[PDB]
Amino acid sequence: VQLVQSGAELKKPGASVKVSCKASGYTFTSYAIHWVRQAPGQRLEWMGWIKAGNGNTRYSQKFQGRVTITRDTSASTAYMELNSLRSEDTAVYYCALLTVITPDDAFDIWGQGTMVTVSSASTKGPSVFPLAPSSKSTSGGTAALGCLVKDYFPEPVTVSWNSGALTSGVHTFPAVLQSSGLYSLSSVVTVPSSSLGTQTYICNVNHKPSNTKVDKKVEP
Amino acid sequence: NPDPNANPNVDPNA
Amino acid sequence: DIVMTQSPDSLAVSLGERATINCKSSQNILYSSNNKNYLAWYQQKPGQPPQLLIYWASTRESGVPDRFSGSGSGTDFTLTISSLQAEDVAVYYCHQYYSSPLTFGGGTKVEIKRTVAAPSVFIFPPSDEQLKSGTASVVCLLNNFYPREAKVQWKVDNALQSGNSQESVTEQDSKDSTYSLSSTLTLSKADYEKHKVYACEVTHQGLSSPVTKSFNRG
């Protein structure tokens, strides 16, 4: 039972955004898909639900005249469209099978969330630069290396190492806001210094709003 | 009393 | 709305200790006809969706560790972690499904207190490919330290820098309960090429004196 959401987006004020929610691993028509907003410094906010079977909906009064939730049974997908976007609508938008309690099942699954940023600024894709291991990044048999992801907009970017095979010792830092209004972040990992000559370390950088998919090999 | 339509995924009966 | 109020807002306990989080609903959410409390508890880690822990205020979801227990009825509810483990650092939310709209609590952030750990300090000169873009970023890395408080100062040719650097700290690590921090000094290529010595100086409780990590350009 899984819910997969569409990627992060940037939208102008006054425009509309349409977030999809692809469901699998369960009988789609049997349950209701909810949509929940997570805004910075604010508590989780329920926006509405749709019954995946007959398409009936219920919206919160806070979004009643401005949100539209729909579904497509053929594609087992639910959708959340938000109109007349305000810069205050920048948030993480979740779809979720909230508290499924049936005489036979009990489960709760959320989608991974979708960053929506509302801004008049243009999309900017990041440059990816290596943070190579060296004598100034080694300590006690370990070597630190990483990638610098510079000058992108909007948030977020995601970083993995060796396509997810390398997770131990990874630190991907929160983005910082530069004076230009662009973001930067770094991702680092600590690896054995003894095997720098035989192992390969690649940082996988994703910035969906700019369609950026970079695989940077990091070497001494 | 609870609103059974607050979350249709919840069956109140056991 | 049914207002969910959680206390305390943040909680710091040692590893293996007992943590208690209170949630109070502004309205009675117990239904006398079926003796059920329409309350759920969620755990959320940074960058992750919330995960259900408890429903009906005391029924554990399958696969949730036994150290999570829910209790209470009516308006006063308690989430207990009997013995915190390192991966329990997260924000915990209560949630009511008694009436529409569904609402959530403000969250209680649970953190771990542990022993002092001095940072490991590393420095990275700008890459050759960044330099051909007219900009030079120098990165100073502070790895796996505790407590969170730390000071980073940049020196270029031994001169203290101001206004050209940015810093960010990680969330608490789910395995060793430490923090890491990255600082970036950003200069023009022309300004980078006219100085020799680049250093970041780190102050932290685990260090008797500040540690300086430096390199010479080229």
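Letters A, B, ... mirror the listed sequences (proteins, then strands); counts begin at 1. Values below: all heavy atoms of this structure, side chains included; hydrogens, waters and symmetry mates excluded.
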Structural part of [X] lying under 4.5 Å from a heavy atom of chain A:
X: C:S182; answer: both
X: C:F124; answer: side chain
X: C:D128; answer: neither
X: C:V91; answer: neither
X: C:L141; answer: side chain
X: C:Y97; answer: side chain
X: C:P50; answer: both

Most heavy-atom pairs under 4.5 angstrom with chain A, which of [options]?
options: C:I123, C:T103, C:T135, C:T186; result: C:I123
options: C:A40, C:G105, C:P49; result: C:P49
options: C:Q51, C:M4, C:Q44; result: C:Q44

Are C:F122 and A:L131 close enough that some pair of their side-chain heavy atoms sits under 4.5 Å apart?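 Answer no - side chains too far apart.
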
Under a 4.5 Å cutoff for heavy-atom pairs, which residue among [options] has the most contacts with chain C?
options: A:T138, A:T172, A:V36; answer: A:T138
options: A:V92, A:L98, A:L177; answer: A:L177
options: A:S184, A:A175, A:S139; answer: A:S139
options: A:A144, A:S127, A:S179; answer: A:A144
options: A:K62, A:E45, A:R58; answer: A:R58

Chain C contact via [X] - which portion, at a heavy-atom distance below 4.5 Å:
X: A:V218; result: neither
X: A:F173; result: both
X: A:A106; result: both
X: A:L185; result: neither
X: A:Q61; result: neither
X: A:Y59; result: neither

Output, in order, the C-alpha distance, side-chain angles, deciding distance and verdict of side-chain contact (heavy atoms from CB on, under 4.5 Å) for C:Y42 and A:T99. CA-CA 11 Å; C:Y42 289 88; A:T99 60; 3.3 Å; yes

Within the side chain of [X], is there an N or O that forms a donor-acceptor pair under 3.5 Å with the backbone of [Y]?
X: A:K136; Y: C:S214; result: yes
X: C:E129; Y: A:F129; result: no
X: C:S168; Y: A:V176; result: no

From CA spacing to verdict: side-chain contact (heavy atoms from CB on, under 4.5 Å), A:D108, C:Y55: CA-CA 10 Å; A:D108 184 284; C:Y55 64 93; over 6 Å; no

What is the minimum heavy-atom distance between [X] and [Y], and which atoms define it?
X: C:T170; Y: A:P174; value: CA-CD, 4.2 Å
X: A:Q38; Y: C:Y93; value: NE2-OH, 3.6 Å
X: A:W46; Y: C:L102; value: CB-O, 3.4 Å

